[PDB]
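Student: Pasting my_file-v5.json below, which is JSON, C-alpha atoms.
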```json
[["chain", "number", "residue", "atom", "x", "y", "z"],
["K", 1, "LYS", "CA", 128.42, 43.55, -147.35],
["K", 2, "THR", "CA", 126.02, 42.74, -144.49],
["K", 3, "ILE", "CA", 124.21, 39.45, -144.91],
["K", 4, "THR", "CA", 121.28, 37.97, -142.95],
["K", 5, "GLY", "CA", 119.91, 34.54, -142.11],
["K", 6, "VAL", "CA", 123.17, 32.74, -141.30],
["K", 7, "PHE", "CA", 121.83, 31.58, -137.93],
["K", 8, "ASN", "CA", 118.97, 29.27, -138.90],
["K", 9, "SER", "CA", 117.97, 27.27, -135.79],
["K", 10, "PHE", "CA", 117.84, 27.34, -132.02],
["K", 11, "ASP", "CA", 118.80, 23.80, -131.11],
["K", 12, "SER", "CA", 118.78, 23.77, -127.30],
["K", 13, "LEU", "CA", 118.94, 25.91, -124.22],
["K", 14, "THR", "CA", 120.28, 24.34, -121.01],
["K", 15, "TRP", "CA", 121.45, 25.51, -117.62],
["K", 16, "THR", "CA", 124.84, 24.44, -116.18],
["K", 17, "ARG", "CA", 125.22, 24.26, -112.40],
["K", 18, "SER", "CA", 128.11, 25.27, -110.18],
["K", 19, "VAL", "CA", 129.06, 25.37, -106.42],
["K", 20, "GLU", "CA", 127.47, 28.80, -105.95],
["K", 21, "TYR", "CA", 124.19, 28.71, -107.83],
["K", 22, "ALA", "CA", 121.43, 26.30, -106.87],
["K", 23, "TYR", "CA", 118.08, 27.69, -108.11],
["K", 24, "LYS", "CA", 117.60, 27.73, -111.85],
["K", 25, "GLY", "CA", 116.59, 31.29, -112.72],
["K", 26, "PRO", "CA", 116.96, 33.30, -115.96],
["K", 27, "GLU", "CA", 119.72, 35.49, -114.43],
["K", 28, "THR", "CA", 121.48, 32.53, -112.83],
["K", 29, "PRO", "CA", 124.80, 31.57, -114.54],
["K", 30, "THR", "CA", 125.10, 29.75, -116.77],
["K", 31, "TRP", "CA", 122.65, 29.20, -119.61],
["K", 32, "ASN", "CA", 124.04, 27.62, -122.71],
["K", 33, "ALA", "CA", 122.36, 28.23, -126.04],
["K", 34, "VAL", "CA", 123.21, 25.92, -128.96],
["K", 35, "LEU", "CA", 122.45, 27.55, -132.28],
["K", 36, "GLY", "CA", 122.59, 26.24, -135.84],
["K", 37, "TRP", "CA", 124.30, 28.27, -138.55],
["K", 38, "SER", "CA", 124.83, 27.83, -142.29],
["K", 39, "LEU", "CA", 127.11, 29.65, -144.79],
["K", 40, "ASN", "CA", 127.01, 29.54, -148.64],
["K", 41, "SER", "CA", 130.13, 30.66, -150.53],
["K", 42, "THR", "CA", 127.94, 32.05, -153.38],
["K", 43, "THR", "CA", 126.05, 34.36, -150.97],
["K", 44, "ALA", "CA", 128.74, 35.07, -148.41],
["K", 45, "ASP", "CA", 132.35, 36.16, -148.89],
["K", 46, "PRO", "CA", 135.28, 36.48, -146.48],
["K", 47, "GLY", "CA", 134.87, 39.82, -144.67],
["K", 48, "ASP", "CA", 131.10, 39.98, -145.02],
["K", 49, "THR", "CA", 129.38, 40.67, -141.74],
["K", 50, "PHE", "CA", 126.24, 39.39, -140.03],
["K", 51, "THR", "CA", 124.65, 39.89, -136.65],
["K", 52, "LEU", "CA", 122.70, 37.71, -134.21],
["K", 53, "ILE", "CA", 120.22, 39.45, -131.89],
["K", 54, "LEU", "CA", 119.67, 38.07, -128.44],
["K", 55, "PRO", "CA", 116.60, 39.76, -126.89],
["K", 56, "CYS", "CA", 116.28, 39.75, -123.09],
["K", 57, "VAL", "CA", 119.96, 38.64, -122.65],
["K", 58, "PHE", "CA", 122.01, 40.69, -120.18],
["K", 59, "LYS", "CA", 125.56, 39.37, -120.72],
["K", 60, "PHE", "CA", 127.79, 36.50, -121.89],
["K", 61, "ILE", "CA", 129.32, 34.31, -119.18],
["K", 62, "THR", "CA", 132.84, 34.20, -120.60],
["K", 63, "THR", "CA", 136.04, 36.19, -120.54],
["K", 64, "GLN", "CA", 136.56, 35.59, -124.30],
["K", 65, "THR", "CA", 135.79, 38.54, -126.54],
["K", 66, "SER", "CA", 134.65, 36.31, -129.44],
["K", 67, "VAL", "CA", 133.48, 32.84, -130.42],
["K", 68, "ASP", "CA", 134.07, 31.15, -133.77],
["K", 69, "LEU", "CA", 131.60, 29.29, -135.98],
["K", 70, "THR", "CA", 133.57, 26.06, -136.56],
["K", 71, "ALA", "CA", 132.83, 22.74, -138.26],
["K", 72, "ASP", "CA", 135.32, 19.80, -138.49],
["K", 73, "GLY", "CA", 138.14, 22.05, -137.13],
["K", 74, "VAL", "CA", 137.70, 24.80, -139.72],
["K", 75, "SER", "CA", 136.84, 28.39, -138.55],
["K", 76, "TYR", "CA", 134.25, 29.74, -140.95],
["K", 77, "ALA", "CA", 133.39, 32.96, -139.06],
["K", 78, "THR", "CA", 134.33, 34.92, -135.92],
["K", 79, "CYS", "CA", 131.57, 36.46, -133.78],
["K", 80, "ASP", "CA", 132.37, 39.22, -131.30],
["K", 81, "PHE", "CA", 130.31, 39.31, -128.08],
["K", 82, "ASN", "CA", 128.27, 42.49, -127.53],
["K", 83, "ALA", "CA", 126.59, 42.29, -124.09],
["K", 84, "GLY", "CA", 123.39, 44.37, -123.61],
["K", 85, "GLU", "CA", 124.01, 44.95, -119.88],
["K", 86, "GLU", "CA", 122.41, 48.26, -118.82],
["K", 87, "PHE", "CA", 122.87, 49.83, -122.23],
["K", 88, "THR", "CA", 120.43, 47.77, -124.31],
["K", 89, "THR", "CA", 117.70, 45.28, -123.47],
["K", 90, "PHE", "CA", 119.27, 42.79, -125.92],
["K", 91, "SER", "CA", 122.73, 41.31, -126.39],
["K", 92, "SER", "CA", 124.22, 40.57, -129.84],
["K", 93, "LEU", "CA", 126.97, 38.92, -131.85],
["K", 94, "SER", "CA", 128.80, 40.93, -134.54],
["K", 95, "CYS", "CA", 130.21, 38.26, -136.88],
["K", 96, "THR", "CA", 132.56, 38.33, -139.85],
["K", 97, "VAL", "CA", 133.00, 35.56, -142.41],
["K", 98, "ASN", "CA", 136.54, 34.09, -142.37],
["K", 99, "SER", "CA", 138.77, 33.09, -145.22],
["K", 100, "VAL", "CA", 139.26, 29.30, -145.28],
["K", 101, "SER", "CA", 141.76, 26.85, -146.82],
["K", 102, "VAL", "CA", 139.08, 24.28, -147.93],
["K", 103, "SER", "CA", 136.65, 25.55, -150.58],
["K", 104, "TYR", "CA", 133.08, 24.89, -149.69],
["K", 105, "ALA", "CA", 129.79, 25.35, -151.48],
["K", 106, "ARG", "CA", 127.59, 25.14, -148.35],
["K", 107, "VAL", "CA", 128.66, 24.37, -144.82],
["K", 108, "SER", "CA", 126.56, 23.98, -141.59],
["K", 109, "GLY", "CA", 127.43, 23.71, -137.95],
["K", 110, "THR", "CA", 126.53, 24.73, -134.39],
["K", 111, "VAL", "CA", 127.78, 27.19, -131.83],
["K", 112, "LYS", "CA", 127.44, 27.29, -128.02],
["K", 113, "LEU", "CA", 126.81, 30.65, -126.26],
["K", 114, "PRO", "CA", 127.12, 31.01, -122.44],
["K", 115, "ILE", "CA", 124.50, 33.65, -121.42],
["K", 116, "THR", "CA", 122.36, 34.93, -118.59],
["K", 117, "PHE", "CA", 118.94, 36.49, -119.25],
["K", 118, "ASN", "CA", 117.71, 39.84, -118.01],
["K", 119, "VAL", "CA", 114.42, 39.83, -116.06],
["K", 120, "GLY", "CA", 115.07, 43.05, -114.09],
["K", 121, "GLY", "CA", 117.40, 44.19, -111.35],
["K", 122, "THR", "CA", 117.23, 48.02, -111.27],
["K", 123, "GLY", "CA", 114.87, 50.95, -112.02],
["K", 124, "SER", "CA", 116.74, 51.60, -115.33],
["K", 125, "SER", "CA", 114.72, 51.76, -118.57],
["K", 126, "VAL", "CA", 116.51, 48.63, -119.77],
["K", 127, "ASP", "CA", 115.75, 46.55, -116.63],
["K", 128, "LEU", "CA", 112.12, 47.72, -116.39],
["K", 129, "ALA", "CA", 111.62, 46.73, -120.04],
["K", 130, "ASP", "CA", 113.28, 43.37, -119.50],
["K", 131, "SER", "CA", 111.28, 42.66, -116.31],
["K", 132, "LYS", "CA", 108.39, 41.70, -118.68],
["K", 133, "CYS", "CA", 110.57, 39.40, -120.83],
["K", 134, "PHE", "CA", 109.58, 36.06, -119.21],
["K", 135, "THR", "CA", 107.15, 34.54, -116.70],
["K", 136, "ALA", "CA", 107.72, 31.64, -114.38],
["K", 137, "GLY", "CA", 107.37, 28.24, -116.09],
["K", 138, "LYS", "CA", 107.46, 27.60, -119.81],
["K", 139, "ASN", "CA", 108.72, 30.33, -122.13],
["K", 140, "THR", "CA", 109.77, 30.66, -125.75],
["K", 141, "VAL", "CA", 113.21, 32.22, -126.22],
["K", 142, "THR", "CA", 113.58, 33.81, -129.65],
["K", 143, "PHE", "CA", 116.77, 35.07, -131.25],
["K", 144, "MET", "CA", 116.89, 36.88, -134.57],
["K", 145, "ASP", "CA", 119.26, 37.15, -137.54],
["K", 146, "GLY", "CA", 117.90, 39.88, -139.81],
["K", 147, "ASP", "CA", 114.19, 39.01, -140.20],
["K", 148, "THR", "CA", 114.74, 35.33, -139.40],
["K", 149, "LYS", "CA", 113.39, 34.24, -136.04],
["K", 150, "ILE", "CA", 114.89, 31.24, -134.32],
["K", 151, "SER", "CA", 113.31, 29.96, -131.12],
["K", 152, "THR", "CA", 113.25, 27.17, -128.55],
["K", 153, "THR", "CA", 111.32, 26.47, -125.38],
["K", 154, "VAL", "CA", 112.62, 26.52, -121.84],
["K", 155, "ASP", "CA", 111.32, 26.31, -118.32],
["K", 156, "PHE", "CA", 112.42, 29.08, -115.90],
["K", 157, "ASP", "CA", 112.01, 28.52, -112.15],
["K", 158, "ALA", "CA", 110.45, 31.42, -110.15],
["K", 159, "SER", "CA", 112.47, 32.86, -107.30],
["K", 160, "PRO", "CA", 112.19, 30.86, -104.03],
["K", 161, "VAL", "CA", 112.28, 34.15, -102.06],
["K", 162, "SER", "CA", 108.90, 35.45, -100.91],
["K", 163, "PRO", "CA", 108.00, 38.79, -102.51],
["K", 164, "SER", "CA", 106.34, 40.13, -99.34],
["K", 165, "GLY", "CA", 109.62, 40.58, -97.41],
["K", 166, "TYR", "CA", 112.59, 42.74, -98.37],
["K", 167, "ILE", "CA", 114.30, 41.92, -101.67],
["K", 168, "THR", "CA", 118.02, 42.22, -102.36],
["K", 169, "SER", "CA", 119.90, 41.44, -105.55],
["K", 170, "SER", "CA", 123.33, 42.19, -106.96],
["K", 171, "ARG", "CA", 124.56, 41.68, -110.53],
["K", 172, "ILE", "CA", 127.99, 42.13, -112.14],
["K", 173, "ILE", "CA", 128.24, 44.55, -115.10],
["K", 174, "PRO", "CA", 131.45, 43.22, -116.66],
["K", 175, "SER", "CA", 132.27, 45.94, -119.15],
["K", 176, "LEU", "CA", 132.12, 48.45, -116.30],
["K", 177, "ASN", "CA", 133.77, 46.41, -113.58],
["K", 178, "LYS", "CA", 130.88, 47.50, -111.37],
["K", 179, "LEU", "CA", 127.81, 45.73, -109.95],
["K", 180, "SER", "CA", 124.26, 46.89, -109.51],
["K", 181, "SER", "CA", 122.69, 46.27, -106.12],
["K", 182, "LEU", "CA", 118.96, 46.60, -105.35],
["K", 183, "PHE", "CA", 116.91, 46.91, -102.19],
["K", 184, "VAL", "CA", 113.06, 46.64, -102.23],
["K", 185, "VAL", "CA", 111.12, 47.62, -99.10],
["K", 186, "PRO", "CA", 108.96, 44.91, -97.49],
["K", 187, "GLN", "CA", 105.36, 44.85, -98.62],
["K", 188, "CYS", "CA", 102.67, 46.96, -96.88],
["K", 189, "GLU", "CA", 99.45, 45.86, -98.61],
["K", 190, "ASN", "CA", 97.59, 49.18, -98.09],
["K", 191, "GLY", "CA", 100.43, 51.60, -98.55],
["K", 192, "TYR", "CA", 103.11, 53.33, -96.53],
["K", 193, "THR", "CA", 103.20, 56.35, -94.20],
["K", 194, "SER", "CA", 107.05, 56.65, -94.02],
["K", 195, "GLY", "CA", 110.26, 54.63, -94.23],
["K", 196, "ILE", "CA", 114.01, 54.53, -94.73],
["K", 197, "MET", "CA", 115.61, 52.42, -97.43],
["K", 198, "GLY", "CA", 119.13, 52.06, -98.71],
["K", 199, "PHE", "CA", 122.47, 50.47, -97.84],
["K", 200, "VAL", "CA", 125.89, 51.31, -96.43],
["K", 201, "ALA", "CA", 128.85, 49.79, -98.27],
["K", 202, "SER", "CA", 131.87, 48.42, -96.47],
["K", 203, "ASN", "CA", 134.66, 45.92, -96.74],
["K", 204, "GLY", "CA", 135.81, 46.85, -100.23],
["K", 205, "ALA", "CA", 132.87, 48.53, -101.97],
["K", 206, "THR", "CA", 131.95, 52.09, -102.70],
["K", 207, "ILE", "CA", 128.74, 53.39, -104.10],
["K", 208, "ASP", "CA", 128.58, 55.15, -107.45],
["K", 209, "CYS", "CA", 126.07, 58.01, -106.92],
["K", 210, "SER", "CA", 126.02, 58.83, -110.63],
["K", 211, "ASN", "CA", 124.11, 55.65, -111.47],
["K", 212, "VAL", "CA", 121.22, 55.30, -109.05],
["K", 213, "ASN", "CA", 117.46, 54.65, -109.29],
["K", 214, "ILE", "CA", 114.77, 55.52, -106.74],
["K", 215, "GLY", "CA", 111.13, 54.84, -107.55],
["K", 216, "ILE", "CA", 107.98, 53.02, -106.61],
["K", 217, "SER", "CA", 106.99, 49.87, -108.58],
["K", 218, "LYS", "CA", 103.52, 48.55, -109.27],
["K", 219, "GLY", "CA", 104.24, 45.11, -107.77],
["K", 220, "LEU", "CA", 107.17, 42.88, -108.61],
["K", 221, "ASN", "CA", 107.69, 40.12, -111.23],
["K", 222, "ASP", "CA", 108.25, 36.41, -110.76],
["K", 223, "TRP", "CA", 111.85, 37.05, -109.72],
["K", 224, "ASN", "CA", 110.98, 39.90, -107.31],
["K", 225, "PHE", "CA", 112.24, 42.65, -109.58],
["K", 226, "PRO", "CA", 110.54, 46.08, -110.09],
["K", 227, "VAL", "CA", 108.33, 46.18, -113.22],
["K", 228, "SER", "CA", 107.71, 49.99, -113.21],
["K", 229, "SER", "CA", 109.11, 53.12, -111.64],
["K", 230, "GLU", "CA", 107.26, 56.31, -110.73],
["K", 231, "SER", "CA", 108.37, 59.35, -108.81],
["K", 232, "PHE", "CA", 107.04, 59.85, -105.25],
["K", 233, "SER", "CA", 107.75, 61.85, -102.08],
["K", 234, "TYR", "CA", 111.22, 61.19, -100.77],
["K", 235, "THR", "CA", 114.50, 62.81, -99.82],
["K", 236, "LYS", "CA", 117.85, 61.14, -100.48],
["K", 237, "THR", "CA", 121.51, 61.41, -99.63],
["K", 238, "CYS", "CA", 124.18, 59.58, -101.48],
["K", 239, "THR", "CA", 127.89, 59.41, -100.52],
["K", 240, "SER", "CA", 130.66, 57.01, -101.52],
["K", 241, "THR", "CA", 129.73, 54.73, -98.58],
["K", 242, "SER", "CA", 126.00, 55.19, -98.02],
["K", 243, "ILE", "CA", 122.85, 55.66, -100.02],
["K", 244, "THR", "CA", 119.83, 56.56, -97.86],
["K", 245, "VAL", "CA", 116.31, 57.36, -99.02],
["K", 246, "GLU", "CA", 113.67, 58.59, -96.61],
["K", 247, "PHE", "CA", 110.18, 58.44, -98.03],
["K", 248, "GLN", "CA", 106.72, 59.53, -96.97],
["K", 249, "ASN", "CA", 103.34, 58.40, -98.42],
["K", 250, "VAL", "CA", 103.29, 55.61, -100.93],
["K", 251, "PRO", "CA", 99.97, 54.30, -102.34],
["K", 252, "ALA", "CA", 98.65, 50.79, -101.96],
["K", 253, "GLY", "CA", 99.90, 48.28, -104.53],
["K", 254, "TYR", "CA", 103.31, 50.01, -104.79],
["K", 255, "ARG", "CA", 106.78, 48.96, -103.58],
["K", 256, "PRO", "CA", 109.51, 51.55, -102.93],
["K", 257, "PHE", "CA", 112.94, 50.49, -104.10],
["K", 258, "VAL", "CA", 116.46, 51.90, -104.44],
["K", 259, "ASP", "CA", 119.41, 50.58, -106.44],
["K", 260, "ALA", "CA", 122.91, 51.82, -107.16],
["K", 261, "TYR", "CA", 126.06, 50.87, -108.99],
["K", 262, "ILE", "CA", 128.79, 49.55, -106.72],
["K", 263, "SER", "CA", 132.52, 49.75, -107.24],
["K", 264, "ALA", "CA", 134.21, 46.76, -105.59],
["K", 265, "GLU", "CA", 137.95, 46.95, -104.81],
["K", 266, "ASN", "CA", 138.43, 43.29, -105.46],
["K", 267, "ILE", "CA", 136.59, 40.31, -106.86],
["K", 268, "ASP", "CA", 136.32, 38.55, -103.51],
["K", 269, "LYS", "CA", 133.48, 40.04, -101.46],
["K", 270, "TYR", "CA", 131.78, 43.23, -100.29],
["K", 271, "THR", "CA", 129.38, 43.99, -97.44],
["K", 272, "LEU", "CA", 126.15, 45.93, -97.45],
["K", 273, "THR", "CA", 124.25, 46.95, -94.38],
["K", 274, "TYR", "CA", 120.62, 47.84, -94.92],
["K", 275, "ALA", "CA", 118.65, 50.26, -92.74],
["K", 276, "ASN", "CA", 115.27, 48.78, -93.62],
["K", 277, "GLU", "CA", 112.69, 50.93, -91.83],
["K", 278, "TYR", "CA", 109.08, 51.16, -92.87],
["K", 279, "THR", "CA", 105.69, 52.22, -91.49],
["K", 280, "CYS", "CA", 102.60, 50.74, -93.22],
["K", 281, "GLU", "CA", 99.48, 52.94, -93.32],
["K", 282, "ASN", "CA", 97.62, 52.71, -90.00],
["K", 283, "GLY", "CA", 100.56, 50.79, -88.51],
["K", 284, "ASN", "CA", 103.61, 51.10, -86.29],
["K", 285, "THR", "CA", 107.11, 51.69, -87.51],
["K", 286, "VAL", "CA", 109.11, 48.50, -88.21],
["K", 287, "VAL", "CA", 112.92, 48.79, -87.82],
["K", 288, "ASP", "CA", 114.65, 45.67, -89.09],
["K", 289, "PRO", "CA", 118.22, 46.34, -90.20],
["K", 290, "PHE", "CA", 120.26, 43.48, -91.62],
["K", 291, "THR", "CA", 123.71, 42.91, -93.15],
["K", 292, "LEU", "CA", 124.65, 40.80, -96.19],
["K", 293, "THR", "CA", 128.03, 39.87, -97.53],
["K", 294, "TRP", "CA", 127.99, 39.57, -101.32],
["K", 295, "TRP", "CA", 130.49, 37.17, -102.82],
["K", 296, "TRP", "CA", 131.78, 36.98, -106.48],
["K", 297, "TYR", "CA", 132.39, 33.23, -106.18],
["K", 298, "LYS", "CA", 131.94, 30.43, -103.62],
["K", 299, "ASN", "CA", 134.21, 30.54, -100.55],
["K", 300, "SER", "CA", 135.37, 27.19, -99.10],
["K", 301, "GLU", "CA", 132.84, 27.12, -96.21],
["K", 302, "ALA", "CA", 129.16, 27.60, -97.04],
["K", 303, "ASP", "CA", 128.27, 29.74, -94.95],
["K", 304, "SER", "CA", 125.54, 31.71, -93.22],
["K", 305, "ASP", "CA", 122.23, 33.05, -94.54],
["K", 306, "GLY", "CA", 124.08, 36.42, -94.58],
["K", 307, "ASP", "CA", 126.46, 35.23, -97.34],
["K", 308, "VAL", "CA", 124.91, 35.56, -100.83],
["K", 309, "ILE", "CA", 126.36, 35.21, -104.35],
["K", 310, "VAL", "CA", 126.12, 37.89, -107.03],
["K", 311, "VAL", "CA", 124.80, 37.01, -110.54]]
```
Just give me the structure as structure tokens.

Tutor:
Amino acid sequence: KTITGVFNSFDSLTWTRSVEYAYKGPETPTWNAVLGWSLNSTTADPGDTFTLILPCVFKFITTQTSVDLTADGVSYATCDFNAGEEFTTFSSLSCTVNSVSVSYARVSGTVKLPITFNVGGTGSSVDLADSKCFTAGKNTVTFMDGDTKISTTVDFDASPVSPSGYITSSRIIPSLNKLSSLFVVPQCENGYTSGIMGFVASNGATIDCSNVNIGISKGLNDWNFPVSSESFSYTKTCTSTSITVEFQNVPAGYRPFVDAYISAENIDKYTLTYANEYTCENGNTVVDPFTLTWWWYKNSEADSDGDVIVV
């Protein structure tokens, strides 16, 4: 049978720092959620299942496929990780009650989940929905088990990057062994006449043309991600090494963006070179190409403004 209301509290949510990541954003590894659970042998039996919903959670920061609900060295349940990624706006746990050697009436305990939140990243339906999940500053993070809501408060730092310039982001999709990479054109307050956006992949990355998004967004959120995506006048070419989008008139208040899945040949680094051309209404063409090297980890030296770490 499927039972509900095993997870009964959200105890704490804290960020853990590492060599690579400095600013404490929702997508920044790693957030650790401590949750309270309780099981009653009269209402739950070995093999019964139960699920925890994690809205606005992109993935689990672990290579383990499961985590156990343990108390005093006894494993009372096993919960499989089900990352939302680009499939669903929420992540989940699919848990199963375990047979134990020590009979209990009621037992309670906690579990730690390593997670990163989703506040955008591409023009996909999932990322656009999740771009409205949180705002900079204080938020309430709510998980659900059946109809039971469990929640705690947290403070998310806004991105330190100015939204008015170009925006780049890359994020690993573990189940796919691909990454998504985004490029947002610099802001022209009153609209655009023309431009060229996109990136050329080199140094151990190819572009997956079957998973791309091209749209214009009505502004960006607190972490510089697109919040909407509408069609507009553009022509594009996508090859295994280059995605290039040439666009024409874009209305005021909109930001053109393009993202694609990337296949990396290793988990060391890949390089993207961005064309970055734009002409604001009434203005002159700006041509400002730049190159970034995206790293999966932190390399010994740190390292130029051109070296950035994926999330």

Student: Please identify all polymer residues within 8 Å of residue 53 of chain K, counting only C-alpha atoms, omitting same-chain residues fewer than 5 positions from it, and present them as a ChimeraX atom specification.

Tutor: /K:90-93,143-145

Student: Have a look at atom CA of residue 148 of chain K and atom CA of residue 29 of chain K and let me know their distance in Å, one decimal.

Tutor: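 One can read the atom CA of residue 148 of chain K to atom CA of residue 29 of chain K distance as 27.1 Å.
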
Student: Rounded to one decimal in Å, what is the spacing between atom CA of residue 123 of chain K and atom CA of residue 200 of chain K?

Tutor: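 Between atom CA of residue 123 of chain K and atom CA of residue 200 of chain K the gap is 19.1 Å.
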
Student: With all atoms listed in the file as the basis for distance, which of K:11, K:288, K:147, K:86 is at the shortest distance from residue 121 of chain K?

Tutor: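 Using all atoms listed in the file, the shortest distance to residue 121 of chain K belongs to K:86.
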
Student: Counting all atoms listed in the file, figure out which residue out of K:260, K:141, K:196, K:128 gets nearest to residue 214 of chain K.

Tutor: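 The closest residue to residue 214 of chain K is K:260.
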
Student: Of the candidates K:67, K:184, K:77, K:243, which one gets nearest to residue 168 of chain K if we count all atoms listed in the file?

Tutor: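 Among the listed residues, K:184 lies closest to residue 168 of chain K.
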
Student: Env of segment 159-162 of chain K: 8 Å cut, atoms = all atoms listed in the file, seq-sep filter 2 positions within chain, self excluded. Answer as a ChimeraX atom specification.

Tutor: /K:23,25,157,164-165,222-224

Student: Between K:76, K:199, K:192, K:278, which residue has the minimum interatomic distance to residue 241 of chain K, considering only C-alpha atoms?

Tutor: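 Checking each candidate against residue 241 of chain K, we get K:199 as the closest.
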
Student: Which centre and edge lengths in Å to one decimal define the box along x, y and z that fits every listed atom of segment 48-62 of chain K plus 5 Å per side, as JSON?

Tutor:
```
{"center_x": 124.6, "center_y": 37.4, "center_z": -132.1, "size_x": 26.6, "size_y": 16.5, "size_z": 35.8}
```

Student: May I ask for the distance between atom CA of residue 201 of chain K and atom CA of residue 273 of chain K, given in Å to one decimal place?

Tutor: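 That distance, rounded to one decimal, is 6.7 Å.
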
Student: Given all atoms listed in the file as the basis, pick out the residue of K:113, K:209, K:3, K:35 nearest to residue 64 of chain K.

Tutor: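 Answer, going by the shortest atom-to-atom distance: K:113.
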
Student: Determine the nearest neighbour of residue 186 of chain K from the options K:96, K:276, K:122, K:229, counting only C-alpha atoms.

Tutor: K:276

Student: Write out as a PyMOL selection string which residues come within 12 Å of residue 103 of chain K when counting all atoms listed in the file, dropping same-chain ones fewer than 6 positions away.

Tutor: chain K and resi 39-42+45-46+74+76

Student: Dump C-alpha atoms for the selected residues as a PDB file, in the coordinates of the input?

Tutor:
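Produced file selection12.pdb, reproduced below:
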```
ATOM      1  CA  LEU K  39     127.110  29.650-144.790  1.00  0.00           C
ATOM      2  CA  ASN K  40     127.010  29.540-148.640  1.00  0.00           C
ATOM      3  CA  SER K  41     130.130  30.660-150.530  1.00  0.00           C
ATOM      4  CA  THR K  42     127.940  32.050-153.380  1.00  0.00           C
ATOM      5  CA  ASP K  45     132.350  36.160-148.890  1.00  0.00           C
ATOM      6  CA  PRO K  46     135.280  36.480-146.480  1.00  0.00           C
ATOM      7  CA  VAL K  74     137.700  24.800-139.720  1.00  0.00           C
ATOM      8  CA  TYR K  76     134.250  29.740-140.950  1.00  0.00           C
TER       9      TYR K  76
END
```

Student: Give me the residues within 12 Å of residue 227 of chain K as a ChimeraX atom specification, counting all atoms listed in the file and dropping any in the same chain fewer than 3 places off.

Tutor: /K:119-134,184,215-224,230,254-257

Student: Do a neighbour search on residue 117 of chain K at 8 Å with only C-alpha atoms, toss out local chain neighbours closer than 2 positions, and write the hits as a ChimeraX atom specification.

Tutor: /K:26-28,56-59,115,119

Student: Around (112.5, 61.0, -94.8), as given in the file, which residues come within 6 Å? Count only C-alpha atoms and list them as a PDB file with C-alpha atoms, keeping the file's coordinate frame.

Tutor:
```
ATOM      1  CA  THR K 235     114.500  62.810 -99.820  1.00  0.00           C
ATOM      2  CA  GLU K 246     113.670  58.590 -96.610  1.00  0.00           C
ATOM      3  CA  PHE K 247     110.180  58.440 -98.030  1.00  0.00           C
TER       4      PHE K 247
END
```

Student: Because the input lacks atoms here, generate N, CA, C and O atoms for segment 98-107 of chain K and report them as a short mmCIF file (atom, residue, chain, number, x, y, z; two decimals), in the frame of the given file.

Tutor:
```
data_model
loop_
_atom_site.label_atom_id
_atom_site.label_comp_id
_atom_site.auth_asym_id
_atom_site.auth_seq_id
_atom_site.Cartn_x
_atom_site.Cartn_y
_atom_site.Cartn_z
N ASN K 98 135.08 34.28 -142.32
CA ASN K 98 136.54 34.09 -142.37
C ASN K 98 136.98 33.45 -143.65
O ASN K 98 136.25 32.73 -144.21
N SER K 99 138.18 33.79 -144.09
CA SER K 99 138.77 33.09 -145.22
C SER K 99 139.12 31.69 -144.75
O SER K 99 139.59 31.53 -143.60
N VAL K 100 138.91 30.68 -145.62
CA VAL K 100 139.26 29.30 -145.28
C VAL K 100 140.19 28.67 -146.32
O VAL K 100 140.24 29.16 -147.43
N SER K 101 140.86 27.60 -145.92
CA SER K 101 141.76 26.85 -146.82
C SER K 101 141.05 25.76 -147.66
O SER K 101 141.59 25.30 -148.68
N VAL K 102 139.87 25.33 -147.23
CA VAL K 102 139.08 24.28 -147.93
C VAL K 102 137.83 24.88 -148.50
O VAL K 102 136.91 25.23 -147.74
N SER K 103 137.76 24.95 -149.84
CA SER K 103 136.65 25.55 -150.58
C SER K 103 135.37 24.77 -150.25
O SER K 103 135.32 23.52 -150.24
N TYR K 104 134.34 25.52 -149.97
CA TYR K 104 133.08 24.89 -149.69
C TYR K 104 132.05 25.55 -150.60
O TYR K 104 132.22 26.70 -151.03
N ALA K 105 130.95 24.83 -150.83
CA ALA K 105 129.79 25.35 -151.48
C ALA K 105 128.85 25.79 -150.36
O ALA K 105 128.52 26.96 -150.31
N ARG K 106 128.46 24.85 -149.49
CA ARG K 106 127.59 25.14 -148.35
C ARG K 106 128.10 24.37 -147.14
O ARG K 106 128.41 23.16 -147.22
N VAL K 107 128.23 25.07 -146.02
CA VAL K 107 128.66 24.37 -144.82
C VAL K 107 127.72 24.74 -143.66
O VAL K 107 127.23 25.86 -143.60
#
```
